[PDB]
Amino acid sequence: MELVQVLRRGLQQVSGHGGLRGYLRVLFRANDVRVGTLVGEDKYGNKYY
Amino acid sequence: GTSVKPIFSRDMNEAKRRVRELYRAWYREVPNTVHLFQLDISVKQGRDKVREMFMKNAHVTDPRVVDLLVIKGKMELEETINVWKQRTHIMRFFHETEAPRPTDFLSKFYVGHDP
Amino acid sequence: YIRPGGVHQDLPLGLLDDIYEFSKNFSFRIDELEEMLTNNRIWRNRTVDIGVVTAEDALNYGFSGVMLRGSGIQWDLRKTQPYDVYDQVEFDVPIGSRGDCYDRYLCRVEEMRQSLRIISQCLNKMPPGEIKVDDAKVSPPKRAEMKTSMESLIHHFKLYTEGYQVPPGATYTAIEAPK
Amino acid sequence: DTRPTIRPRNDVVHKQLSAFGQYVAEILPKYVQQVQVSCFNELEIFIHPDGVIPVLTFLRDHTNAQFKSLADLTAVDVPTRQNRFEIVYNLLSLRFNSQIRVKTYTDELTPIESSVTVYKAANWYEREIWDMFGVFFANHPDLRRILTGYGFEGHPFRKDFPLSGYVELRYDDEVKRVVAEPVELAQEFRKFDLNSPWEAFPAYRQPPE
Amino acid sequence: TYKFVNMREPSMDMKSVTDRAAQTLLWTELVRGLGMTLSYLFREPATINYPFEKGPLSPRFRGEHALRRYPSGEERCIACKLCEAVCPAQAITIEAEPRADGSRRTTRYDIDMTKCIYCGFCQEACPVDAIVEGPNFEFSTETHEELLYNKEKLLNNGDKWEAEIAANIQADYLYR
Amino acid sequence: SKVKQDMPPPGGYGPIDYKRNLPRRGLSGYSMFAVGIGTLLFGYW
Amino acid sequence: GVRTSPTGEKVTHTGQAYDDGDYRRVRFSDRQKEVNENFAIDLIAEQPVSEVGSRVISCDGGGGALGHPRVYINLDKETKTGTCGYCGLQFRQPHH
Amino acid sequence: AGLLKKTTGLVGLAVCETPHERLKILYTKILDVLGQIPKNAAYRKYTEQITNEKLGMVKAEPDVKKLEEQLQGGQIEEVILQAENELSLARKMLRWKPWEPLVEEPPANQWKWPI
Amino acid sequence: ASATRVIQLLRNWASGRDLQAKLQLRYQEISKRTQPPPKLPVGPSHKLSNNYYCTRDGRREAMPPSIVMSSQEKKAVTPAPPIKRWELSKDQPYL
Ligand code: SF4
Ligand code: SF4
Ligand SMILES: [Zn+2]
């Protein structure tokens, strides 16, 4: 059951990262696929989590 | 005041005695030093140079100063043969990288305001 | 940080708490090392009975700290000559009885634990008060006092340009640095 | 302490050291010229230059001294003294938890017979006193340079020696070797004269001379 | 007080020696090393994803220096000249002149990043807290000349990091 | 205002363990050899 | 503000200006000369002149602890608006 | 006395199984060599004071375990080592003979810090 | 922390100890990085009553070394009492 939840969380990462495109984008641009709440944004496009 | 301690030598005779074999040793070492250290200078250059630093201080009178500087001059020949120094440490004695400093009065006057 | 006359600044609020959390978990990390190395044959055989020295040669050679305590020499600066507040705290000096490489290793890891003892005691007995001496001639005045009082400004000026003049003399002070 | 600002003093150790100061003095009225116990419970035994072995062997093996820990040996180059160098031994007693300081005056040429026999710790602790200062130590196993560069010239800790020295290195592409040249700095040392013209603490003032 | 660290009394009963023989023959203690290191294999790493996340710092951090200025805009530095006097590396070099207004400030505040020590004495030096170290530490470069700073470069950095250091000294000046 | 500076909690921080906590685990030496021999005769059989 | 030299060479508040030849300017090309566009002199001059009716006025400069060492500049010279040395703010007093 | 302690806790220094009489015969020896140095000597008076006095109970009290606090100088097995050191000193300063006045008064004011 | 229970038993069993009690990294336990402003104490001699520097002169109260014997029936003493053999550890004497 625990492994099922972890797999569920893994799929939620893809959904959180705007589907497939964002998930592949962040993985090949930041080596991170962990998603957190939006916290702010400067006048530059720098997404902050 | 005049009476003082002979760190190794009573008289300049035994002081000049000390400089002799060290001079003999320094002249024997030249062919092997240049060989293993892999230099480009000639054996005679070492000999006539080993000549050189023996003379600029060949004017002292206190037998302590000469014989203390004897152990000073003692203190590189072994530092060479046991390859302790580098190539840069004995071409340093062959000061060559610099321009030849000015000798006539006019040349110093031309270079700058420094005697 | 450690300046003549005390310390330069005071700790940020709550710093004692975070270091306390580290102190609780650190003893586990020491156990981690001892599990890893202490009983391992390969480590011992590369370390035990290696580089042994007698007590007399170790002392005559000018050695200090673990180099003596590993060889069984009964000596430690914090205990014999307690500087600062080291007298108002107890700690078990880990004296070995072989003098080889292994004895010093166990001597160090116990000194790790005994160091952790000092953290615990000073943490539960941290007194209030100022961080530097109350003498502007050797301690720069507080920034707030700097910008309102003349004598603070003069003393701050002369301390940061000329500095305090130390009375003449000589002194060889000694502390047990972990080396 | 009623006055927490000033450091408390320990008088009990003060005369106890003073008692031991006279103690060693009476054994060797030939060597011990001066004994001094400072304010901070530090005792100093001023000895003659040829006393490096005797008094140290005394302090090392005595029943009431047992000072077998050689802390350090240092020189204090004082130009204004006819004996510029001042070799200073520091001794520590495990049994009596005390410290011993002995100083010997010495000129440049005048040698000091090595104390290696007394303490073998001094073996390495002379190879730099010859390096930094230039005081030669007699009957010593080796006097090799271990701080100055290989073939470096001079004794840097001497106060006639500049802080920047004389030689500066640089790799030279002409000869494929780093070579030395006379030192020229990007910026010179902006020395500061911080000795205030108004007198300091009057206790240590020199008498009218 | 003190304690021994190597006094081992291996009991010579038939029990303990069997354990000792078991230890040597079957590499029990070595297996502990395997099981010990295996334990952290199955544990999370603590590897910060730089530069997507940095290390934790404190308001007292000392980094790239930056000369600040008052809320009005006038520079804080007043030819105080204390900063280089207390600077233990002599990186600061400052020369003042008369100024047209009479608020005679300096023309030069060259501090060599390859000479300074990030001592912390700089802010403690000038009473008007003119020069402070900004929290920046990524001011790396490729030519040695750029590390040599000058009065324009510091003042520009002061105008850059002004948003940060102002809050840093805001939450730390009580300690100072 | 009253003096506020970093101080321990009024009861002090909790106790900090400092012993060596090396775990006494594993089987007895005879059991090690017993099973070690035990799996053997299974293999030959 | 900031001015422009004959070679462009945006002058600094100090007044540094490389000459026509001035071979040292070769380090400037292919790069940029760092200039602080904000000049100290003309960002304090336009600041409003404070009107405080007293002979002696403290000049801590805002945030006494965080400002500059407080001065007690005199305000009696009616010709010249008395200003703090550290602050540079020009304090004037209305008609004594 | 009692059971012979296995180790002294100081590597290199071993346990002597007959310590009391070794300490005895040492203490007489330093008393013996102290016969040579004349009576007026202060070093003689100092160690003729702590030898016989410390030879007292080691002659009387035979228990080395109690001898630890009789001498307050740690373990007996290194007390005899220290006693040997005192014997070495007696041999050494039988040459030194420091009872003469100073060899030299200190040249002018070489002392008197500060300068 | 993230780590599921089955992993935790594997880590706990392999290391022979429980690790969820204390971990190498940090978590919410740390103090927040926006601690309230402090109110640092004043000096012991900060009083505006009698506080003359004539009392505390640590630098000035120093004295040049005391002259005891200069070149220009007895007892035997030691520079300090001989050290005291400290006892074994009460918590754990034999490690
Ligand atoms: S930066 Fe500070 S110390 Fe330096 S001159 Fe300016 S005010 Fe003085
Ligand atoms: S940068 Fe560091 S070394 Fe340089 S002046 Fe400032 S504090 Fe001193
Ligand atoms: Zn002002």
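Thresholds, definitions, all that
Residues numbered from 1 in each chain as written, not as in the entry; some residues may be left out. Chains lettered and ligands numbered in written order. Part of a larger assembly, values for the part shown. Heavy atoms only, no water. Helix = DSSP H or I, 4+ residues; strand = E, 2+ residues; numbered from the N terminus. Rg over C-alpha atoms; globule rule 2.2 N^0.38 Å. Buried < 20%, exposed > 50% of the residue type's maximum accessible area, 1.4 Å probe, protein only. Contact = heavy atoms within 4.5 Å. Areas by Shrake-Rupley, 256 points an atom, 1.4 Å probe, with all protein chains shown as cover. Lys, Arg positive; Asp, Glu negative; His and termini not counted. Charge placed at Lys NZ, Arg CZ, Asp CG, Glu CD. Near = heavy atom within 4 Å. Nonpolar A, V, L, I, M, F, W, Y, C, P; charged D, E, K, R; others polar. Core = buried A, V, L, I, M, F, W, Y, C linked by side-chain atoms within 4.5 Å. Donors = N, O, S within 2.8 Å, 3.2 Å for Na, K, Ca; no water. Patch = residues over 30% accessible without salt bridge, like charges linked within 9 Å, V, L, I, M, F, W, Y side chains within 5 Å. Salt bridge = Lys/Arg side-chain N within 4 Å of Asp/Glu carboxyl O. Buried area = accessible area lost by both parts, 1.4 Å probe. Pairing = 2+ DSSP bridges. Polar contact = N/O pair within 3.5 Å; in protein donor to acceptor, adjacent residues only side chain to side chain. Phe/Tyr/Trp six-rings, centres within 6.5 Å; stacked < 30°, edge-to-face > 60°. Axes fitted to C-alpha atoms, helices over the stretch in contact; angles between N-to-C directions.

J.: Looking at this structure, I do not really get the overall build of chain H. What am I missing?
T.: Scanning chain H for helices and strands turns up 4 helices and 0 strands. Expected size for 115 residues packed as a compact globule is a radius of gyration near 13 Å; at 19 Å, chain H overshoots this value by more than 25%. Its C-alpha atoms give chain H principal-axis dimensions of roughly 60 × 35 × 20 Å. Evaluated residue by residue, chain H yields a buried proportion of 42% over its 115 residues. Of the contacts formed within chain H by residues at least 6 apart in sequence, a portion of 62% connects residues at least 24 apart. Here chain H displays about 6,200 Å² of accessible surface, and carbon together with sulfur accounts for 61% of that area. Here chain H contributes 17 positive and 16 negative side-chain charges, whose respective centroids are spaced 2 Å apart.

J.: What's the story with the site of ligand 1 in this structure? I'm lost.
T.: Of all residues adjacent to ligand 1, which total 13 residues, the nearest are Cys77(E), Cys80(E), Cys83(E), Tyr109(E) and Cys126(E). Residues of the shell around ligand 1, tallied by class, amount to 12 nonpolar, no polar and 1 charged.

J.: Honestly, the nonpolar core in this entry has me stumped. Any pointers?
T.: General note: in soluble globular proteins, nonpolar side chains tend to be found buried as a group. The biggest cluster of nonpolar side chains holds 74 residues, and the ones touching the most others in it are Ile87(D), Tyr89(D) and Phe137(D). Ranked by the residues each element gives to this core, the list is headed by helix α4 (residues 76-96) of chain H, at 8 residues. Residues contacting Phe137(D), with those up to four places away along its chain left out, are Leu73(D), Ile87(D), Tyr89(D), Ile112(D), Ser114(D), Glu126(D), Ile129(D) and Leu143(D). Counting 32 residues, the second-largest nonpolar core is a separate cluster that includes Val86(E), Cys122(E), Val128(E) and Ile57(G).

J.: Looking at this model, I keep getting lost on unusual backbone geometry. Mind explaining?
T.: Generally, phi is negative for residues other than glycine and the peptide bonds are trans, each holding for most cases. A cis geometry characterises the amide bond from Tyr50(E) onward to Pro51(E), with omega recorded as -5 degrees. Geometrically, the link from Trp113(H) to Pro114(H) is a cis peptide bond, its omega value of 0 degrees lying close to zero. Among the structural elements, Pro114(H) can be located in the segment after α4. Its identity as a non-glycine residue notwithstanding, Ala79(E) has a phi of 55 degrees, on the positive side. Turning to its location among the elements, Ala79(E) is positioned in the loop between β2 (65-67) and α3 (82-86). Phi is positive for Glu9(G), which is not a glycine, with a value near 35 degrees. Examined against the element boundaries, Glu9(G) turns out to sit in the segment before β1 (50-51).

J.: Could you clarify how one ought to interpret the coordination of the zinc ion (ligand 3) in this entry?
T.: Six octahedral donors around a metal ideally make angles of 90 or 180 degrees; four tetrahedral donors ideally make 109.5 degrees. Residues and elements named next belong to chain G. Within the protein, the atoms that donate to the zinc ion (ligand 3) are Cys59 (O), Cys59 (SG), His68 (NE2), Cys84 (SG) and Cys87 (SG), at distances of 2.1 to 2.3 Å. As a motif over one chain, the donors of the zinc ion (ligand 3) read C-x8-H-x15-C-x2-C. The two residues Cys59 and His68 agree in class, both being buried.

J.: Looking at this structure, how should I read a nonpolar patch on the surface?
T.: A surface patch of nonpolar side chains, about 720 Å² in accessible area, is lined by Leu25(E), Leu26(E), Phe33(F), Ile37(F), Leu40(F), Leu41(F) and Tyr44(F). In terms of residue count, the dominant contributor to the nonpolar patch is helix α1 (residues 29-44) of chain F (5 residues). Its location among the elements puts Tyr44(F) in helix α1.

J.: Honestly, the site of ligand 2 in this entry has me stumped. Any pointers?
T.: Neighbouring ligand 2 are 13 residues; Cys87(E), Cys116(E), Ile117(E), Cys119(E) and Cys122(E) lie closest to it. When grouped by side-chain class, the residues that make up the shell around ligand 2 number 11 nonpolar, 2 polar and no charged.

J.: Would you mind showing me how to read the interface of chain H and chain I here?
T.: Interfaces are frequently sized by the accessible area removed from exposure as the parts join. With 8 residues of chain H in contact, the opposing surface of chain I contributes 7 residues. Across the chain H/chain I interface, buried area totals approximately 610 Å², and carbon plus sulfur atoms make up 53% of it. Its largest share of buried area at the contact with chain I, chain H owes to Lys45(H), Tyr46(H) and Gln72(H), together 52% of the area lost on that side. Between chain H and chain I we count 1 salt bridge in total.

J.: Looking at this model, I keep getting lost on the pairing of strand β8 (residues 167-172) of chain D. Mind explaining?
T.: Along any regular strand, the residues point their side chains to alternate faces of the sheet. Residue and element names in this part refer to chain D. Where β8 lies against strand β9 (residues 177-182), 6 bridges are found, and the strand directions are antiparallel. Across the sheet, residue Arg170 finds its bridge partner in β9, namely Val179. Connecting β8 to the next strand, β9, in antiparallel fashion are 4 residues, including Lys176 with a positive phi near 60 degrees.

J.: Looking at this structure, I do not really get the interface of chain E and chain C. What am I missing?
T.: With 35 residues of chain E at the contact, the number on the chain C side is 39 residues. Buried area between chain E and chain C, summed over both chains or domains, comes out near 3,200 Å², and the portion from carbon and sulfur atoms is 52%. Joining chain E to chain C, the criterion identifies 4 salt bridges. Its salt-bridge partner being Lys147(C), residue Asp129(E) comes within 3.0 Å of it at the nearest N-O pair. In this structure, the connection of chain E to chain C is made through 26 residue pairs in polar contact. At the level of secondary structure, the elements contributing two or more residues to the side of chain E that touches chain C comprise β1 (2-4), α1 (14-25), α2 (28-41), α3 and α4 (121-125) of chain E. The greatest single-element share of the side of chain E that touches chain C, amounting to 8 residues, is contributed by α2(E). As judged from the 3 bridges shared by strand β3 (residues 93-95) of chain C and β1(E), these two strands associate in the parallel manner.

J.: I'm lost on the packing of aromatic side chains in this one. Help?
T.: For any two aromatic rings, the description comes down to two numbers: the centre-to-centre distance and the angle of the planes. Per the stated rule, a full pass over the model turns up 28 aromatic pairs over all chains. Judged by centre distance (5.6 Å) and plane angle (65 degrees), the ring pair of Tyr105(D) and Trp111(H) falls under edge-to-face. With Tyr105(D) in strand β5 (residues 99-106) and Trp111(H) in the segment after α4, this pair bridges two chains. You'll find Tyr105(D) and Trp111(H) in the same group, each marked buried. Residues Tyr2(E) and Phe4(E) carry aromatic rings whose centres are separated by 5.3 Å and whose planes lie at 50 degrees to one another, so their mutual orientation is tilted. Judged by relative accessible area, which is 6%, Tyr2(E) ranks as buried. A relative accessible area of 13% means that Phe4(E) is categorised as buried.

J.: Looking at this structure, I do not really get the side chain of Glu152(E). What am I missing?
T.: Along the chain, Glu152(E) turns up in helix α6 (residues 151-160). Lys151(E) provides the closest opposite charge to the buried, salt-bridge-free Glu152(E), at an N-O distance of 5.9 Å. If we skip the residues at most four places from it in the chain, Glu152(E) touches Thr12(G), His13(G), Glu34(G), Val35(G) and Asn36(G).

J.: What is the right way to read the sheet that holds β5(D) from this model?
T.: Pairing between sheet strands relies on hydrogen bonds along the backbone, with the strands arranged either parallel or antiparallel. Ordered by their spatial adjacency, 6 strands build an open sheet running β3(D)-β4(D)-β5(D)-β2(D)-β1(D)-β1(I), and the pairing between neighbours is mixed. Of all the strands in the sheet, just β3 (69-74) of chain D together with β1 (66-70) of chain I have a single pairing partner and so form its edges. Mean inter-strand twist for the sheet, computed between neighbouring axes without regard to direction, equals 20 degrees. Docked against the sheet, helix α1 (residues 11-27) of chain D engages β1 (32-37), β2 (43-47) and β5 of chain D together with β1 of chain I, running at close to 175 degrees with respect to β1(D).

J.: Where do I start with the environment of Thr55(I) in this structure?
T.: Mapped onto the elements, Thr55(I) comes out in the loop between α1 (5-15) and β1. What makes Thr55(I) partly exposed here is its relative accessible area of 40%. Ignoring anything within four residues of it in the chain, the contact list for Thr55(I) reads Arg3(D) and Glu61(I).

J.: I would appreciate a short explanation of the environment of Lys56(B) in the present structure.
T.: Its location among the elements puts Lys56(B) in the loop between α2 (43-55) and α3 (63-81). Sequence spacing of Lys56(B) and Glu98(B) is 42 residues, and the spatial spacing of their C-alpha atoms is 20 Å.

J.: Explanation requested: the packing of helix α1 (residues 15-37) of chain C against α2(E) in the structure shown.
T.: A pair of packed helices is captured by two measures, namely the crossing angle of their axes and the spacing between those axes. Put simply, α1(C) and α2(E) touch, their axes get as near as 9 Å, and they point 145 degrees apart. From α1(C), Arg29(C), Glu32(C), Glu35(C) and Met36(C) reach across to α2(E), where they touch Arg32(E), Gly33(E), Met36(E), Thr37(E) and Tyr40(E). Broken down by class, the residue content of the contact of α1(C) with α2(E) amounts to 3 nonpolar, 2 polar and 4 charged.

Purely spatial values, then, with no claim about function.
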